[PDB]
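Colleague: This is the structure I have questions about; it appears just below.
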Amino acid sequence: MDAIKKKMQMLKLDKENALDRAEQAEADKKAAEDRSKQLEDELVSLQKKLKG
Amino acid sequence: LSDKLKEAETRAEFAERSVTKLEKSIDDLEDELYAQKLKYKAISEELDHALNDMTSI
């Protein structure tokens, strides 16, 4: 009984960790996408420059 | 002595009836408790299985 009582806190922590990890992964994905978009815009600008 | 013997036989028969009834009563109580104790042991084993399932995460 005591085993399940104290280990339930551990289960709660595992759920919270999975939620936070998913949140952080989505945030880092958004940051990576933003930086990729800006790099793409700079690459097209420099390609136009090179063509000229 | 005949009167006393008849009284003694009547009371002895009463006591025999009593022991028989008590024997059935104890046999029934024992069976009911065996069933309940088996239920409890099953509950405990299933709880142990549950505990290992949560530890498996």
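Backbone-built Cβ (ideal geometry, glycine too); neighbour counts: all protein chains shown. The numbers here are math on the coordinates, done by the rules we state, and not lab data.
Colleague: Taking every eigenvalue of the Cα gyration tensor of chain B, multiplying by 5 and rooting it, what semi-axes result, largest first, whole Å? Can you show the working numbers first?
Modeller: On the way: eigenvalues 605, 6, 3 Å².
Sorted largest first and rounded, they come to 55, 5, 4 Å.
Colleague: Just counting partner chain Cβ atoms within 10 Å, what average do the residues of peptide B:51-57 show around their Cβ?
Modeller: Numbers: counts 4, 0, 0, 6, 5, 0, 5.
For this peptide, the per-residue mean of nearby foreign Cβ atoms is 3.
Colleague: While we're here: With a Förster radius of 41 Å, plug the Cβ-Cβ distance of B:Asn52 and A:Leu43 into 1/(1 + (r/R0)^6) and report the FRET value to the nearest 0.05.
Modeller: Numbers: r = 55 Å, r/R0 = 1.34.
That gives a FRET efficiency of 0.15.
Colleague: Let me ask another. Please report the base-10 log of the normalised intensity I(q)/I(0) for chain A, using a Debye sum with one equal scatterer per alpha carbon and no solvent, at each q in 0.32 (1/Å).
Modeller: With one equal scatterer per Cα and no solvent, log10 I(q)/I(0) is -1.03.
Colleague: Same structure, new question: Would you please give the FRET efficiency between B:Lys6 and B:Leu29, computed as 1/(1 + (r/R0)^6) with r the Cβ-Cβ distance and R0 = 41 Å, to the nearest 0.05? Don't jump to the answer; show the numbers that get you there.
Modeller: Details: r = 35 Å, r/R0 = 0.86.
Computed FRET efficiency for B:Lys6 and B:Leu29 comes out at 0.70.
Colleague: In degrees between 0 and 90, to the nearest 10, how far off the longest principal axis of chain B does helix B:2-55 point, with axes built from Cα atoms?
Modeller: The angle comes out at about 0 degrees.
Colleague: Further, regarding this structure: Suppose only helical runs count, i.e. DSSP H with n ≥ 4. What mean residue ellipticity at 222 nm does that imply for chain B under -39500 (n - 2.57) per run, divided by all residues and rounded to the nearest 500 deg cm²/dmol?
Modeller: Numbers: 1 runs with 54 residues, N = 57.
Calculated mean residue ellipticity at 222 nm is -35500 deg cm²/dmol.
Colleague: Using a 10 Å cut-off around each Cβ of peptide B:12-22, what is the average number of partner chain Cβ atoms that fall inside? Numbers along the way, then the final one.
Modeller: Values: counts 0, 0, 0, 0, 0, 0, 0, 0, 0, 0, 0.
Partner-chain Cβ atoms within 10 Å, mean over residues of B:12-22: 0.
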